[PDB]
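To begin, one chain is listed below as structure tokens, in the form deposited in one PDB entry.
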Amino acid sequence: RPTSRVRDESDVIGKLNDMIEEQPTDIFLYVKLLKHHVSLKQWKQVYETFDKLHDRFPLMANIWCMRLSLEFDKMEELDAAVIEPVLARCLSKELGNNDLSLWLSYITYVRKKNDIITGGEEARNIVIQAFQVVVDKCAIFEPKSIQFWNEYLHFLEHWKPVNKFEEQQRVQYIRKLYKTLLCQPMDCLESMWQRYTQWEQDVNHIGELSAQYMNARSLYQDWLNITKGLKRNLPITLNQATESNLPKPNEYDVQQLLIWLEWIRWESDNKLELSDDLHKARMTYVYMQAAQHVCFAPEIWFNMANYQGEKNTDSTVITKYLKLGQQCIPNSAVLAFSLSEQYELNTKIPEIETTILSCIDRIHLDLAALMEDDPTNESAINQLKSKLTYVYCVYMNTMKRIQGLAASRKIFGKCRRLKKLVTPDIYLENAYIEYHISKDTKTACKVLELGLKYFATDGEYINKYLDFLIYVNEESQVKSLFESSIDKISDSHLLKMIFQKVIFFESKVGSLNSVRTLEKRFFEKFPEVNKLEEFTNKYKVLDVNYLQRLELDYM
């Protein structure tokens, strides 16, 4: 739709803004548009662009990073009028990001705005506070956090106390630091212990700690193994963004998604033994780390969602997280339905139709986009057509029991309108509900008939159609359809499967003389067919062929 016909000249800013509109989740495309506006120093558009990105991906910590970075690089112009409102938004209470790289940014700023020199008291006394919150909110939950612990450390050591009420607090802190770090699974405990030992001597216990340090040192071994191949390579600067280290729409390494679910599973055991708030934290941390690095996996959002709602009340929590998940994957049926389901519970009936509907809109456009970028890939297309229809079916059903039969009609009315773009399952699924009204076959039957308009050649359809006629016992009906399509049904392996069905049906419904004939026609169009193997199918009782499992178990 856009791109095609919306043909601009040859001004990057226009095709990009067009391609982005077609793939609003391709993070890289925005990165290119930014790179461009920054090179033309059109700073106003840089923020419009960063904001559309923040709007859609609130918890993509690294995108906030790329942004704070951009400012910091203006040297002496670390403008607190631009900088603070950003941090303020991305470090908030709800869509509050908790990632180390971003905190290391938060710190750098706090350190450039409170000079240890001319500030004195609250100066070096605020930087400490800033280093502490990063320690409580995230440093103690991240095993690959060493780099930070060092940062905080060096700032405490390289500090000369002016008197003695300081000389003291400096060790009071240098202690509370070391102790804190040494009790968590980390990539540098071994060395960091060797350091604290020596430290304590040349200053004036270690037995107590020694315990949790051991426990830690090895809990980091299990970690290191569960992780093993964990990839965490998102760019945190604009220039480091490469097509290769940002996910393309709907992309994501399964291997990775599995390593993450695994780490999360481990965490949920609570091997550390933390209180209920400290463990709820430690998981929430890991969960947001995963939603950042495999953001396009609908299962990580699905799971994080339920983990946060599994907690306490507030009917809004579960919906909050699916919503964010749907924003990263606008085309996910997993997420659409999960939302659709929550809206129904907190009873907001209007959004139920809204959300599902969008997912369809997104899929519609994805289908269209492929039918044109390479219409020769008839599988990838049917795969989509299938997904389109599947969603329609779930929609129709869901509308039918939420807003009367007349609703379902509306929907199916328009699926028809789509023709061959949809798949047979919509008429079958419509049929089966158009029936269940008042067990009547008058209306319900007229449906599939229509369908025959586009699918009288899909043995796949016909089969499922007979299965219905047979199901809702309508004898004549079967004979009719069977007849009409023995030539018109492509394939063979599927037509065969269709004969056996109607023959088995004939048998159950009297005659045996009728059977005797269909049986003749069958073997003519299918010479070579094993007379006795097909004999057994005619006598399956309860979908099971016992003749074969008991006597001819060699068949």
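Heads up: residue numbers just count along the shown sequence, starting at 1. In this text, rigid core is short for the largest set of C-alphas that superpose within 1.5 Å between two forms.
Unshown form deposited in another entry; subsequent notes refer to it.
*Asks:* Following superposition of the rigid core, which of 50, 28, 57, 522 is the only residue with a C-alpha displacement of 2 Å or more between this form and the one not shown?
*Replies:* The one that moves 2 Å or more is 522.
*Asks:* If the two forms are fitted on the core, does residue 269 show a Cα displacement reaching 2 angstroms between this form and the one not shown?
*Replies:* No; that C-alpha moves by less than 2 Å between this form and the one not shown.
*Asks:* Once everything's superposed on the core, is residue 485 shifted 2 Å or more at the Cα between this form and the one not shown?
*Replies:* Yes, residue 485 moves 2 Å or more.
*Asks:* On a core-based superposition, does residue 66 travel 2 Å or more at its Cα between this form and the one not shown?
*Replies:* Superposed on the core, residue 66 moves its C-alpha less than 2 Å between this form and the one not shown.
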